[PDB]
>>> print(open('input.cif').read())   # mmCIF, N, CA, C and O atoms
data_upload
#
loop_
_atom_site.label_atom_id
_atom_site.label_comp_id
_atom_site.auth_asym_id
_atom_site.auth_seq_id
_atom_site.Cartn_x
_atom_site.Cartn_y
_atom_site.Cartn_z
N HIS M 100 -75.68 104.30 106.44
CA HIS M 100 -76.09 105.42 107.27
C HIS M 100 -75.56 106.71 106.68
O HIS M 100 -74.53 106.71 105.99
N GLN M 101 -76.25 107.79 106.94
CA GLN M 101 -75.80 109.06 106.42
C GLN M 101 -75.34 109.95 107.57
O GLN M 101 -75.79 109.78 108.71
N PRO M 102 -74.43 110.88 107.31
CA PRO M 102 -73.85 111.65 108.40
C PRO M 102 -74.85 112.60 109.02
O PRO M 102 -75.78 113.07 108.38
N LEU M 103 -74.65 112.86 110.31
CA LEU M 103 -75.38 113.88 111.04
C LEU M 103 -74.41 114.85 111.68
O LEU M 103 -73.22 114.57 111.82
N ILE M 104 -74.95 115.97 112.14
CA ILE M 104 -74.21 116.94 112.91
C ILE M 104 -75.15 117.34 114.02
O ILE M 104 -76.24 117.83 113.74
N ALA M 105 -74.76 117.17 115.28
CA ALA M 105 -75.62 117.56 116.38
C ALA M 105 -75.63 119.06 116.32
O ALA M 105 -74.59 119.66 116.08
N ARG M 106 -76.77 119.69 116.54
CA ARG M 106 -76.82 121.14 116.46
C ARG M 106 -77.42 121.77 117.68
O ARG M 106 -78.35 121.24 118.27
N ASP M 107 -76.89 122.91 118.07
CA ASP M 107 -77.43 123.61 119.23
C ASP M 107 -78.84 124.12 118.97
O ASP M 107 -79.30 124.26 117.84
N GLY M 108 -79.55 124.39 120.05
CA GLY M 108 -80.91 124.87 119.99
C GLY M 108 -81.93 123.77 120.17
O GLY M 108 -81.68 122.59 119.87
N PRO M 109 -83.12 124.13 120.67
CA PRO M 109 -84.22 123.17 120.76
C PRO M 109 -84.80 122.79 119.41
O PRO M 109 -85.59 121.83 119.36
N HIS M 110 -84.43 123.49 118.35
CA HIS M 110 -85.01 123.12 117.08
C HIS M 110 -85.19 121.64 117.32
O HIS M 110 -84.43 121.06 118.10
N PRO M 111 -86.24 121.03 116.66
CA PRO M 111 -86.38 119.59 116.97
C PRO M 111 -85.09 118.88 116.66
O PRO M 111 -84.46 119.14 115.64
N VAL M 112 -84.72 117.98 117.55
CA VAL M 112 -83.49 117.25 117.41
C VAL M 112 -83.38 116.45 116.11
O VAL M 112 -84.31 115.79 115.68
N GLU M 113 -82.20 116.54 115.51
CA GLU M 113 -81.85 115.79 114.31
C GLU M 113 -82.68 114.53 114.38
O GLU M 113 -82.63 113.80 115.38
N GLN M 114 -83.45 114.28 113.34
CA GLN M 114 -84.30 113.11 113.30
C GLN M 114 -83.50 112.20 112.43
O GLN M 114 -83.43 112.39 111.21
N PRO M 115 -82.86 111.16 113.10
CA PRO M 115 -82.05 110.31 112.23
C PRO M 115 -82.78 109.19 111.52
O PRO M 115 -83.24 108.22 112.13
N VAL M 116 -82.84 109.35 110.21
CA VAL M 116 -83.39 108.37 109.29
C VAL M 116 -82.26 107.42 108.89
O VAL M 116 -81.20 107.85 108.41
N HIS M 117 -82.47 106.13 109.12
CA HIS M 117 -81.50 105.09 108.79
C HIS M 117 -82.23 104.05 107.95
O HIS M 117 -83.12 103.37 108.46
N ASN M 118 -81.85 103.93 106.69
CA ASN M 118 -82.60 103.09 105.79
C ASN M 118 -81.67 102.10 105.12
O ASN M 118 -80.45 102.14 105.28
N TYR M 119 -82.26 101.22 104.33
CA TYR M 119 -81.54 100.37 103.41
C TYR M 119 -81.73 100.99 102.04
O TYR M 119 -82.84 100.95 101.49
N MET M 120 -80.67 101.57 101.49
CA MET M 120 -80.79 102.14 100.16
C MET M 120 -81.00 101.02 99.17
O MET M 120 -80.19 100.09 99.10
N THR M 121 -82.08 101.10 98.41
CA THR M 121 -82.31 100.12 97.37
C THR M 121 -81.98 100.73 96.02
O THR M 121 -81.71 101.92 95.89
N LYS M 122 -82.03 99.89 95.00
CA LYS M 122 -81.67 100.25 93.64
C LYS M 122 -82.46 99.36 92.70
O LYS M 122 -83.09 98.39 93.12
N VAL M 123 -82.46 99.70 91.43
CA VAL M 123 -83.08 98.86 90.42
C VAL M 123 -82.01 98.43 89.45
O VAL M 123 -81.29 99.28 88.89
N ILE M 124 -81.88 97.13 89.25
CA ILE M 124 -80.89 96.58 88.33
C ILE M 124 -81.42 96.84 86.92
O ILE M 124 -82.56 97.28 86.74
N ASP M 125 -80.61 96.55 85.90
CA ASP M 125 -81.00 96.69 84.51
C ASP M 125 -80.80 95.36 83.80
O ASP M 125 -80.17 94.45 84.33
N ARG M 126 -81.24 95.29 82.56
CA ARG M 126 -80.96 94.12 81.80
C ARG M 126 -80.64 94.46 80.34
O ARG M 126 -81.36 95.20 79.70
N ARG M 127 -79.55 93.91 79.82
CA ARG M 127 -79.18 94.04 78.44
C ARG M 127 -79.13 92.64 77.86
O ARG M 127 -79.16 91.64 78.58
N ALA M 128 -79.07 92.59 76.55
CA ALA M 128 -78.99 91.33 75.84
C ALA M 128 -77.56 91.03 75.42
O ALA M 128 -77.00 90.01 75.83
N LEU M 129 -76.96 91.89 74.61
CA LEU M 129 -75.65 91.62 74.05
C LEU M 129 -75.66 90.33 73.25
O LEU M 129 -75.21 89.29 73.73
N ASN M 130 -76.21 90.38 72.06
CA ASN M 130 -76.29 89.20 71.21
C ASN M 130 -75.29 89.26 70.06
O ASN M 130 -74.91 90.33 69.59
N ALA M 131 -74.83 88.08 69.64
CA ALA M 131 -73.91 87.93 68.53
C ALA M 131 -74.16 86.57 67.88
O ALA M 131 -74.75 85.68 68.49
N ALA M 132 -73.71 86.42 66.63
CA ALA M 132 -74.05 85.24 65.85
C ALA M 132 -72.86 84.83 65.00
O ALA M 132 -71.89 85.58 64.86
N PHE M 133 -72.93 83.63 64.45
CA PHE M 133 -71.87 83.20 63.58
C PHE M 133 -72.27 82.28 62.46
O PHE M 133 -73.27 81.61 62.50
N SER M 134 -71.43 82.31 61.43
CA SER M 134 -71.60 81.56 60.19
C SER M 134 -71.45 80.03 60.29
O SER M 134 -70.60 79.53 61.01
N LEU M 135 -72.31 79.27 59.62
CA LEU M 135 -72.12 77.82 59.52
C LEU M 135 -72.71 77.32 58.20
O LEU M 135 -73.85 76.94 58.17
N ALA M 136 -71.92 77.28 57.13
CA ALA M 136 -72.40 76.92 55.79
C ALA M 136 -72.94 75.52 55.60
O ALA M 136 -72.42 74.57 56.14
N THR M 137 -73.95 75.36 54.76
CA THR M 137 -74.52 74.02 54.65
C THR M 137 -73.44 72.96 54.45
O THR M 137 -73.55 71.85 54.98
N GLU M 138 -72.34 73.39 53.85
CA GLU M 138 -71.15 72.59 53.72
C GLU M 138 -70.70 72.73 55.17
O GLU M 138 -71.33 73.45 55.92
N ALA M 139 -69.68 72.01 55.60
CA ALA M 139 -69.30 72.06 57.01
C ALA M 139 -70.51 71.83 57.91
O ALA M 139 -70.60 72.38 59.01
N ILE M 140 -71.45 71.04 57.43
CA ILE M 140 -72.51 70.44 58.23
C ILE M 140 -72.50 68.96 57.89
O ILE M 140 -72.44 68.10 58.77
N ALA M 141 -72.65 68.66 56.60
CA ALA M 141 -72.33 67.33 56.10
C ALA M 141 -70.95 66.88 56.54
O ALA M 141 -70.73 65.69 56.77
N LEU M 142 -70.05 67.84 56.66
CA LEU M 142 -68.74 67.59 57.25
C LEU M 142 -68.99 67.68 58.76
O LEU M 142 -70.12 67.56 59.22
N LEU M 143 -67.96 67.78 59.56
CA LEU M 143 -68.20 67.91 60.98
C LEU M 143 -68.95 66.72 61.59
O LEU M 143 -68.39 65.95 62.35
N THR M 144 -70.23 66.55 61.25
CA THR M 144 -71.01 65.43 61.77
C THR M 144 -70.46 64.13 61.22
O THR M 144 -70.40 63.12 61.90
N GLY M 145 -70.05 64.17 59.97
CA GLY M 145 -69.52 63.01 59.29
C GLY M 145 -70.38 62.55 58.14
O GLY M 145 -70.02 61.61 57.46
N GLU M 146 -71.50 63.21 57.91
CA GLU M 146 -72.35 62.83 56.79
C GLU M 146 -71.52 62.60 55.53
O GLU M 146 -71.45 61.49 55.01
N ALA M 147 -70.86 63.65 55.04
CA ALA M 147 -70.09 63.54 53.80
C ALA M 147 -68.62 63.39 54.15
O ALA M 147 -67.93 64.37 54.43
N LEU M 148 -68.14 62.16 54.03
CA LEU M 148 -66.73 61.82 54.19
C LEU M 148 -66.44 60.63 53.29
O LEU M 148 -67.33 60.13 52.59
N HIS V 100 -49.95 141.38 134.46
CA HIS V 100 -49.18 142.40 135.17
C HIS V 100 -48.44 143.24 134.15
O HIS V 100 -47.56 142.74 133.45
N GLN V 101 -48.77 144.43 134.07
CA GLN V 101 -48.12 145.12 132.97
C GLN V 101 -46.78 145.68 133.40
O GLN V 101 -46.59 146.05 134.57
N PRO V 102 -45.83 145.74 132.47
CA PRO V 102 -44.53 146.29 132.79
C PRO V 102 -44.49 147.78 132.51
O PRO V 102 -45.45 148.33 131.98
N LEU V 103 -43.36 148.43 132.80
CA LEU V 103 -43.28 149.86 132.61
C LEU V 103 -41.83 150.24 132.35
O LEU V 103 -40.91 149.50 132.67
N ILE V 104 -41.66 151.40 131.72
CA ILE V 104 -40.36 151.92 131.31
C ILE V 104 -40.03 153.11 132.19
O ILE V 104 -40.78 154.08 132.24
N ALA V 105 -38.89 153.04 132.87
CA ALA V 105 -38.44 154.15 133.69
C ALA V 105 -38.05 155.30 132.79
O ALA V 105 -37.25 155.14 131.87
N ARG V 106 -38.59 156.47 133.06
CA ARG V 106 -38.52 157.52 132.07
C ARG V 106 -37.99 158.79 132.71
O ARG V 106 -38.30 159.11 133.86
N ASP V 107 -37.17 159.51 131.96
CA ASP V 107 -36.44 160.67 132.45
C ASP V 107 -37.13 161.94 132.01
O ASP V 107 -37.37 162.13 130.81
N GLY V 108 -37.45 162.81 132.95
CA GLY V 108 -37.86 164.14 132.58
C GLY V 108 -38.94 164.68 133.48
O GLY V 108 -39.18 164.19 134.59
N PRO V 109 -39.62 165.70 133.01
CA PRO V 109 -40.91 166.09 133.58
C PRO V 109 -42.05 165.23 133.03
O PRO V 109 -43.08 165.75 132.59
N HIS V 110 -41.86 163.99 133.04
CA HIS V 110 -42.88 162.97 132.82
C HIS V 110 -43.43 162.51 134.16
O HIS V 110 -42.67 162.39 135.13
N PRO V 111 -44.73 162.26 134.27
CA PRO V 111 -45.25 161.70 135.51
C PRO V 111 -44.64 160.34 135.79
O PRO V 111 -44.44 159.53 134.88
N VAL V 112 -44.32 160.10 137.06
CA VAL V 112 -43.61 158.89 137.45
C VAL V 112 -44.54 157.69 137.32
O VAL V 112 -45.66 157.70 137.84
N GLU V 113 -44.07 156.65 136.64
CA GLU V 113 -44.92 155.53 136.27
C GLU V 113 -44.93 154.46 137.35
O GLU V 113 -43.88 154.09 137.89
N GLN V 114 -46.12 153.97 137.65
CA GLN V 114 -46.51 153.07 138.71
C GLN V 114 -46.94 151.73 138.12
O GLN V 114 -47.80 151.71 137.23
N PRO V 115 -46.38 150.59 138.56
CA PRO V 115 -46.82 149.30 138.03
C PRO V 115 -48.31 149.09 138.18
O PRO V 115 -48.89 149.39 139.22
N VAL V 116 -48.94 148.57 137.13
CA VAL V 116 -50.37 148.27 137.14
C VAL V 116 -50.56 146.77 137.01
O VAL V 116 -49.75 146.07 136.39
N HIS V 117 -51.64 146.28 137.59
CA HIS V 117 -51.96 144.86 137.62
C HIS V 117 -53.42 144.70 137.25
O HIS V 117 -54.28 145.39 137.81
N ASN V 118 -53.70 143.82 136.30
CA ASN V 118 -55.04 143.67 135.75
C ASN V 118 -55.62 142.34 136.20
O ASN V 118 -55.18 141.28 135.74
N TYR V 119 -56.62 142.39 137.06
CA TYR V 119 -57.28 141.21 137.60
C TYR V 119 -58.67 141.12 136.99
O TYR V 119 -59.41 142.10 136.98
N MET V 120 -59.03 139.94 136.50
CA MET V 120 -60.28 139.79 135.77
C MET V 120 -60.74 138.35 135.88
O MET V 120 -60.01 137.49 136.38
N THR V 121 -61.99 138.10 135.49
CA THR V 121 -62.55 136.77 135.42
C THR V 121 -63.55 136.71 134.27
O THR V 121 -64.24 137.69 134.01
N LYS V 122 -63.62 135.57 133.60
CA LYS V 122 -64.64 135.31 132.60
C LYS V 122 -65.67 134.34 133.15
O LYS V 122 -65.65 133.96 134.31
N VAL V 123 -66.61 133.95 132.30
CA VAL V 123 -67.52 132.87 132.60
C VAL V 123 -67.63 132.00 131.37
O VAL V 123 -67.48 132.47 130.24
N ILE V 124 -67.87 130.71 131.58
CA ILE V 124 -67.96 129.80 130.45
C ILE V 124 -69.34 129.95 129.84
O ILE V 124 -70.20 130.64 130.39
N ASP V 125 -69.57 129.30 128.71
CA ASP V 125 -70.86 129.31 128.04
C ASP V 125 -71.44 127.90 128.10
O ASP V 125 -70.81 126.99 128.61
N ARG V 126 -72.65 127.72 127.59
CA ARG V 126 -73.24 126.41 127.80
C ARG V 126 -73.65 125.71 126.52
O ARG V 126 -72.93 124.82 126.05
N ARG V 127 -74.77 126.09 125.93
CA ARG V 127 -75.15 125.59 124.62
C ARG V 127 -75.15 124.05 124.60
O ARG V 127 -74.31 123.41 123.98
N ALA V 128 -76.11 123.48 125.32
CA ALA V 128 -76.30 122.04 125.25
C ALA V 128 -76.69 121.64 123.84
O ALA V 128 -77.35 122.39 123.13
N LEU V 129 -76.08 120.54 123.40
CA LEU V 129 -76.17 120.03 122.03
C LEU V 129 -77.09 118.86 121.99
O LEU V 129 -77.04 117.99 122.83
N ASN V 130 -77.97 118.83 121.00
CA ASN V 130 -78.95 117.75 120.94
C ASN V 130 -78.87 116.99 119.63
O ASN V 130 -78.82 117.59 118.55
N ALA V 131 -78.90 115.66 119.72
CA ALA V 131 -79.17 114.79 118.59
C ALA V 131 -80.37 113.93 118.95
O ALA V 131 -80.73 113.81 120.12
N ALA V 132 -81.01 113.34 117.95
CA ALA V 132 -82.23 112.59 118.19
C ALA V 132 -82.08 111.13 117.79
O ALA V 132 -81.00 110.66 117.44
N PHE V 133 -83.19 110.42 117.89
CA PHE V 133 -83.32 109.05 117.42
C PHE V 133 -84.80 108.77 117.26
O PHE V 133 -85.64 109.55 117.70
N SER V 134 -85.14 107.69 116.56
CA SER V 134 -86.50 107.17 116.64
C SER V 134 -86.50 105.66 116.52
O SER V 134 -85.79 105.10 115.67
N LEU V 135 -87.26 104.99 117.38
CA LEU V 135 -87.58 103.58 117.20
C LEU V 135 -89.04 103.39 117.56
O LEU V 135 -89.53 104.00 118.52
N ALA V 136 -89.75 102.64 116.75
CA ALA V 136 -91.13 102.55 117.04
C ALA V 136 -91.83 101.24 116.94
O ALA V 136 -91.72 100.49 115.97
N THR V 137 -92.59 101.01 117.99
CA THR V 137 -93.57 99.93 118.08
C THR V 137 -92.85 98.63 117.76
O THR V 137 -91.87 98.27 118.43
N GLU V 138 -93.38 97.89 116.79
CA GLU V 138 -92.88 96.56 116.46
C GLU V 138 -91.42 96.31 116.81
O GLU V 138 -91.09 95.35 117.51
N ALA V 139 -90.52 97.19 116.36
CA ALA V 139 -89.12 97.00 116.68
C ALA V 139 -88.77 97.45 118.09
O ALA V 139 -87.67 97.14 118.56
N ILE V 140 -89.67 98.15 118.78
CA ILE V 140 -89.45 98.44 120.19
C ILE V 140 -89.58 97.17 121.01
O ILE V 140 -88.72 96.84 121.82
N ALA V 141 -90.68 96.45 120.83
CA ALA V 141 -90.91 95.23 121.59
C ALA V 141 -90.26 94.01 120.96
O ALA V 141 -90.17 92.97 121.62
N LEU V 142 -89.80 94.11 119.71
CA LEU V 142 -88.93 93.07 119.17
C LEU V 142 -87.68 92.96 120.02
O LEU V 142 -87.21 91.85 120.31
N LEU V 143 -87.14 94.09 120.45
CA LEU V 143 -85.96 94.12 121.30
C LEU V 143 -86.44 94.32 122.73
O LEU V 143 -86.79 95.43 123.12
N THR V 144 -86.04 93.32 123.50
CA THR V 144 -86.37 93.10 124.90
C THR V 144 -87.13 91.77 124.96
O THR V 144 -87.57 91.24 123.94
N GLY V 145 -87.27 91.19 126.14
CA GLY V 145 -88.01 89.95 126.21
C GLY V 145 -89.43 90.32 125.85
O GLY V 145 -89.95 91.21 126.51
N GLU V 146 -90.04 89.53 124.96
CA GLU V 146 -91.37 89.67 124.33
C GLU V 146 -91.39 88.87 123.04
O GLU V 146 -92.44 88.66 122.46
N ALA V 147 -90.23 88.46 122.56
CA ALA V 147 -90.16 87.68 121.34
C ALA V 147 -89.56 86.31 121.62
O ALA V 147 -89.13 85.61 120.70
N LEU V 148 -89.52 85.94 122.89
CA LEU V 148 -88.86 84.70 123.27
C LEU V 148 -89.73 83.49 123.70
O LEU V 148 -90.64 83.60 124.51
#
>>> encode(input="input.cif", output="structure tokens")
Amino acid sequence: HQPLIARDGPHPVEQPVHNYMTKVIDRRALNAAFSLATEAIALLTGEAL
Amino acid sequence: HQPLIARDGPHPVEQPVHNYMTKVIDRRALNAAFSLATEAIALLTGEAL
């Protein structure tokens, strides 16, 4: 809700608007990668031992 | 009630004075508003039961 102030005078009475403020989210990727040499593939799995 | 200083000389003799008065208050009715309409008017109260 947003603040109001009652005010003197017949000016039309404070018309109170009460809403649900919405928003729009965003999306980023943030990607990163890493090294894996053909060696240390035959290894690791156990191919070359 | 105003006070006075007794004074010596060919000065006119000073007489106590008393100040009686009245004010009046002010009014300035203050207004705030609201709105509710239709669907949510009859949503609240028996009509949705």
>>> closest_atom_pairs(input="input.cif", of="chain V", to="chain M", cutoff="8 Å", atoms="only N, CA, C and O atoms", output="JSON lines")
{"residue": "V:127", "atom": "O", "partner": "M:107", "partner_atom": "CA", "distance": 5.7}
{"residue": "V:128", "atom": "O", "partner": "M:107", "partner_atom": "CA", "distance": 4.1}
{"residue": "V:129", "atom": "CA", "partner": "M:106", "partner_atom": "O", "distance": 4.5}
{"residue": "V:130", "atom": "O", "partner": "M:106", "partner_atom": "N", "distance": 3.6}
{"residue": "V:131", "atom": "C", "partner": "M:113", "partner_atom": "O", "distance": 4.2}
{"residue": "V:132", "atom": "N", "partner": "M:113", "partner_atom": "O", "distance": 3.1}
{"residue": "V:133", "atom": "N", "partner": "M:113", "partner_atom": "O", "distance": 4.2}
{"residue": "V:134", "atom": "N", "partner": "M:115", "partner_atom": "O", "distance": 4.8}
{"residue": "V:135", "atom": "N", "partner": "M:115", "partner_atom": "O", "distance": 7.4}
>>> select_by_dssp(input="input.cif", residues="chain V", states="helix (DSSP H, G or I)", output="list in words")
residues 138, 139, 140, 141 and 142 of chain V
>>> calpha_fit_rmsd(input="input.cif", fixed="chain V", moving="chain M")
2.0 Å
>>> atom_distance(input="input.cif", atom1="atom CA of residue V:118", atom2="atom CA of residue V:100")
6.0 Å
